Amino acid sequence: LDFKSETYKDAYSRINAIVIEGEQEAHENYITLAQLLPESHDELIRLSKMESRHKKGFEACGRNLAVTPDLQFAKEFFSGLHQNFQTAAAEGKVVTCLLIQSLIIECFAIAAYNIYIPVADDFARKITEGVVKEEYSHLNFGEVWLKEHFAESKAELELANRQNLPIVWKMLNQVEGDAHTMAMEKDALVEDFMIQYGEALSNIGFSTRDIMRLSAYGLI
């Protein structure tokens, strides 16, 4: 890998933008979640602040490689999940919000980490390991909550899955080339995503049967 090649830098501008914009949506989503869940406000605002600081780290990685982020590309990439989150929040559908932020986005991030980290540039490897270590000293707020409210949240979780899991496959196709340029394979990302998401769904309470069903709706 030539971290100074135009071709790397081109792909980085989109890929690093995605992580930057994702941290921004994470910050905003946690505040909206604090508002949907007033009894948990203090905790969620504390998480919001971590995600803002992490965004700064990722901004420094782009600066380190003299690349400016393609924020429009990043916004487009998140658009379908952003719009579904906003709609759900406006309807008070906190379960759907939590699926989007805490399952989909979360699992997408762990998988991205899992695939990116062995092929990262030094400066970014350091920053990213830092961020992930900090993240992993926490439990996943929405997984914990959904597990706690599983039986009553089950129908909305399935709708939310039907509506959002397909968007993930779209997101992955959009970055197949950039991922390859950065020595990350789409198939690898798909596999690791499905692993993190299945494991999260099982943890919150879904059966193997439910997981297979939720997966099948993932394919249309």
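Start at 1 and count along the sequence shown; that's the residue number.
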Item checked: Average Cα temperature factor in the PDB entry - higher stretch of 1 to 9, 209 to 217 -> 1 to 9
Next item on the list: Pick between 29 to 37 and 56 to 64: the one whose mean CA B-factor in the entry is higher.
Entry: 56 to 64
Note to self: According to the Cα B-factor stored in this entry, which of the following is highest: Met171, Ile195, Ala160, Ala179?
What the structure shows: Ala179
Checklist line | From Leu81, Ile117, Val144, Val95, residue of greatest CA B-factor | finding: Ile117
Item checked: Third of the chain, ranked by Cα B-factor, where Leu189 sits -> middle
Item checked: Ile45 - Cα temperature factor, lowest/middle/highest third of chain -> lowest
Notebook entry, point to check: By the record's CA B-factor, is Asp70 among the lowest, middle or highest third of residues in the chain?
Noted result: middle
Item checked: CA B-factor placement of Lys133, once the chain's modelled residues are sorted into thirds -> middle
Next item on the list: Comparing against every modelled residue in the chain, figure out the third that the C-alpha B-factor of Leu103 lands in (lowest, middle or highest).
Entry: middle
